[PDB]
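Reading through the structure tokens given below for one structure.
Protein chains in written order, with my numbering: chain U, 1 to 49; chain E, 101 to 150; chain Z, 201 to 250.
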């Protein structure tokens, strides 16, 4: 509440999961990969896409 | 003295190409920071001998 | 470097690091007379045949 709006930079306050390092409720950690050598610029914008 | 592209292209890849023949490998993931450091994490089949 | 070739440095191909060698052309390290074909420069500054 305080540190979301009131700063020029984003600041969190959080609790690590109970299950220390595995499987936080609803969701995923997706990995987007270059597998043919297109470009950091190109892949970066693909992440943007 | 290194930046990121110095780090991936001098060390990260020299290493990730020799990482042949590791038992029960699931995935490999590496940071190449502009602080000059590189960190490569290989996660293994749950419970293969550490 | 001539007859064996030389591992000198690496380069970055299409985003994968690869080796860089330099050796004699085919036709200049085949038959014993090719020994005569090469020169090394001395301290006195001239080219010297083998």
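We put the beta carbon where it would ideally sit given N, CA and C, even for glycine.
Quiz prompt | Within chain A, the residues that residue 217 of chain Z reaches when beta carbons sit closer than 8 Å | solution = Of the chains in the structure shown, none is chain A; the protein chains are U, E and Z.
Quiz item: In the structure shown, what three-state DSSP assignment does residue 144 of chain E receive?
Solution: One-based indexing of the second chain puts residue 144 of chain E at position 44. If DSSP states are grouped into helix, strand and coil, residue 144 of chain E belongs with the strands.
Quiz item: Since residue 128 of chain E contacts residue 116 of chain E with CB under 8 Å, what's their CB separation in whole angstroms?
Solution: Taking the second chain and counting its residues from 1, one reaches residue 128 of chain E at position 28. Taking the second chain and counting its residues from 1, one reaches residue 116 of chain E at position 16. Indeed, because the Cβ distance is near 7 Å, the residues count as touching under 8 Å.
Quiz item: Tell me which same chain residues have a C-beta within less than 7 Å of the C-beta of residue 126 of chain E, skipping the five on either side of it?
Solution: Here residue 126 of chain E refers to the residue found at position 26 when the second chain is read from its first residue. Result list for residue 126 of chain E: 143, 144 and 145, in chain order.
Quiz item: How should residue 60 of chain U be labelled, buried or exposed, when 16 other C-beta atoms within 10 angstroms of its C-beta is the threshold for buried?
Solution: Limits of chain U in this structure are 1 at one end and 49 at the other, which puts residue 60 of chain U out of reach.
Practice problem: Helix, strand or coil for residue 211 of chain Z, going by three-state DSSP, please let me know. | Solution: Along the third chain, read from residue 1 onward, the residue named residue 211 of chain Z stands at position 11. Residue 211 of chain Z: strand per DSSP, three-state reduction.
Quiz item: Using DSSP with H/G/I as helix, E/B as strand and the rest coil, what is residue 11 of chain U?
Solution: Mapped onto the first chain, residue 11 of chain U falls at position 11. Residue state, collapsed to three classes: coil.
Practice problem: Kindly list, in the order they appear in chain E, the residues whose Cβ is closer than 8 Å to that of residue 212 of chain Z. | Solution: Position 12 of the third chain, counting from 1, holds the residue named residue 212 of chain Z. Neighbours of residue 212 of chain Z on chain E, chain order: 109.
Quiz prompt | Contact the region 214-223 of chain Z vs the region 34-49 of chain U: 3+ CB pairs below 8 Å | solution = yes
Exercise. Taking the CB atoms as reference points, tell me whether residue 203 of chain Z and residue 241 of chain Z lie closer together than 8 Å.
Key: For the purposes of this step, residue 203 of chain Z is taken as residue 3 along the third chain, with counting starting at 1. For the purposes of this step, residue 241 of chain Z is taken as residue 41 along the third chain, with counting starting at 1. No.
Self-check item: Contacting residues, own chain, Cβ-Cβ under 8 Å from residue 13 of chain U (five flanking each side not counted)
Solution: As a working note, residue 13 of chain U is residue 13 in the first chain. Only 3 meet the Cβ criterion.
Quiz prompt | 8 Å CB neighbourhood of residue 206 of chain Z in its chain, flanking five on each side removed | solution = Within the third chain, the letter at position 6 stands for residue 206 of chain Z. Around residue 206 of chain Z: 221, 222 and 223.
Exercise. Taking only heavy atoms of the ligand SAM into account, decide whether any of them is closer than 7 Å to the Cβ of residue 129 of chain E.
Key: With respect to small molecules bound, the structure shown includes none, and the ligand SAM cannot be examined in it.
Quiz prompt | Distance between residue 26 of chain U and residue 18 of chain U (C-alpha atoms, nearest Å) | solution = Within the first chain, numbered from 1, the residue matching residue 18 of chain U stands at position 18. Within the first chain, numbered from 1, the residue matching residue 26 of chain U stands at position 26. Going by the C-alpha atoms only, they are around 15 Å apart.
Quiz item: What is the rounded straight-line gap between the Cα of residue 7 of chain U and the Cα of residue 15 of chain U?
Solution: As a first step, residue 7 of chain U is located in the first chain; it is residue number 7 there, counting from the start. As a first step, residue 15 of chain U is located in the first chain; it is residue number 15 there, counting from the start. Distance between the alpha carbons of residue 7 of chain U and residue 15 of chain U: 21 Å.
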